[PDB]
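[1] Using only what follows, build the 3D model:
(chains A, B and C)
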Amino acid sequence: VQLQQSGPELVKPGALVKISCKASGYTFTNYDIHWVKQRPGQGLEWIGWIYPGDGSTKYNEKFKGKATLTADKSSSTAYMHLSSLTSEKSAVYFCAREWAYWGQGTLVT
Amino acid sequence: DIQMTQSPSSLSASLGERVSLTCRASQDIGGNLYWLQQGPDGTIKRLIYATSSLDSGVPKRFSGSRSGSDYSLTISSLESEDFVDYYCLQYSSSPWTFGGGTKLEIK
Amino acid sequence: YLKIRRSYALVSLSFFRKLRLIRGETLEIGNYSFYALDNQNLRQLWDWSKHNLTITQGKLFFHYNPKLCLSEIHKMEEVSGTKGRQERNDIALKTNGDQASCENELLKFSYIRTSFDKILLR
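    Numbering: from 1, shown residues only, chains lettered A, B, ... in the order given. Next comes the structure:
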């Protein structure tokens, strides 16, 4: 089982960036993909989830307008777009298949 | 939101020592707690599910326990690879929340 | 006396919600005041955490209750006063609970997810 994420992701302020998470070694459609943010030198925040089967999502109120979650069942790859980026500095984002298995992380600068 | 209070935020210990980290739940979370380990490369791995159940492949020196609203992770005999970061996470209620983390450092 | 026999349909005797006393002023041949025979789905007598039942006189009989654990029967003896200092109760060791594994192990939930209309569990 592998959640293989994207990035380095260098982006200009006011732009949007789309980070991927290609799943393998299991049936994509049967599990949830959860996304978590880590602001360096600090803890982990839960962003929200997606159910690839339905396309149903739930977000953390904090991240509601910021993050947008998407899955492409044809490629078994999940995405997260961040929007209107400003003085966020850098943060590392992780997707995880219902917490037992996590992806390696993607740094957005 | 359930607040998970992780203590100590940092701990110095030596090889072969037994250590415990704690997460106190602001509301009852039953047995719904995970213990996560983060490597210096950033890789996150789950060590314990449902408070006390060890994941496949995890060395038996790792154990999870509960007493009142205190959920503990215990490493019975520290190895050099264990001096990393640890995080608890509650999945008992809708906003999933994490402890603040514990960095385990060599004495 | 109270006799439950060939009651294939019953899983519990809890429907006798208010039953607190069996006097045993009359008994089934063999001096039984409570008799349970060949009840293929019986898994519960009463919930002995809540229910109290007293049996003044007579013995217990349990045979061919495959889904009924001996712990439930032993709890009943305790509750009812069919006390082990006194005389016997023809209780089979081999034909009560033989088709039941009683509670034994614990499965724990590794994952829980709510939606307004759905619940996903592991």
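[2] So the residue sitting nearest the centre point of chain C versus residue B:39, what's the distance?
    For chain C, the residue nearest the mean C-alpha position is residue C:45 (3.0 Å; Cα atoms, centre = their mean). Counting by Cβ to Cβ, to the nearest Å, the separation of residue C:45 from residue B:39 is 55 Å. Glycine gets a C-beta too; all of them are placed from N, C-alpha and C.
[3] quick one: which helix or strand includes the nearest residue to residue B:52 once chain neighbours are set aside?
    Excluding its sequence neighbours, the residue lying closest to residue B:52 (Cβ to Cβ, 6 or more residues apart in numbering or on different chains) is residue B:64, at 4.5 Å. Taking DSSP states H and E as the definition, one finds residue B:64 inside strand B:62-67.
[4] Show me what that strand is packed up against.
    Under the contact criterion of 3 or more Cβ pairs under 8 Å, 6 or more residues apart in numbering or on different chains; DSSP states H and E, strand B:62-67 touches strand B:33-38, strand B:44-49, strand B:53-54, strand B:70-75.
[5] so what's residue C:3 bridging to?
    residue C:35 (DSSP bridges).
[6] Tell me who's in contact with it.
    Counting by Cβ atoms under 8 Å, 6 or more residues apart in numbering or on different chains, residue C:3 touches C:28, C:32, C:34-37.
[7] Turn these into CSV, columns for neighbour count and distance to residue B:14.
    Shown next, in CSV, are those (neighbours: other Cβ atoms under 10 Å in any protein chain shown; distance: Cβ to Cβ, whole Å):
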residue, neighbour count, distance to residue B:14
C:28, 18, 73
C:32, 19, 69
C:34, 24, 65
C:35, 21, 68
C:36, 25, 63
C:37, 17, 67
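[8] Next up, identify which helix or strand residue C:71 is on.
    Applying DSSP H and E, one finds residue C:71 within helix C:70-80.
[9] Quick check: next helix or strand after that helix?
    strand C:90-91.
[10] Can you tell me which helices and strands that following strand packs against?
    strand C:59-63.
[11] What separation do you get for the nearest residue to residue A:52 once chain neighbours are set aside and residue A:49?
    Distances taken as Cβ to Cβ, 6+ apart place residue A:71 nearest to residue A:52, at 4.2 Å, with adjacent residues excluded. Distance of residue A:71 to residue A:49, given as Cβ to Cβ: 11 Å.
[12] quick revisit: between the helices and strands packed on strand B:62-67, which one is nearest to chain C?
    strand B:44-49 (4.4 Å; Cβ to the nearest Cβ).
[13] which other helices and strands contact the closest one?
    Packing partners of strand B:44-49 (3+ Cβ pairs under 8 Å, 6+ apart): strand A:101-102, strand B:33-38, strand B:62-67.
[14] and those strands, which is most packed in?
    Of all the helices and strands packed on strand B:44-49, strand B:33-38 has the most neighbours on average by mean count of other Cβ atoms under 10 Å in any protein chain shown, namely a mean of 23.
[15] what residues are up against residue C:83?
    Per Cβ under 8 Å, 6+ apart, neighbours of residue C:83: residue C:77.
[16] Residue A:39 and residue A:102: what is the separation?
    Counting by Cβ to Cβ - residue A:39 and residue A:102 are separated by 17 Å.
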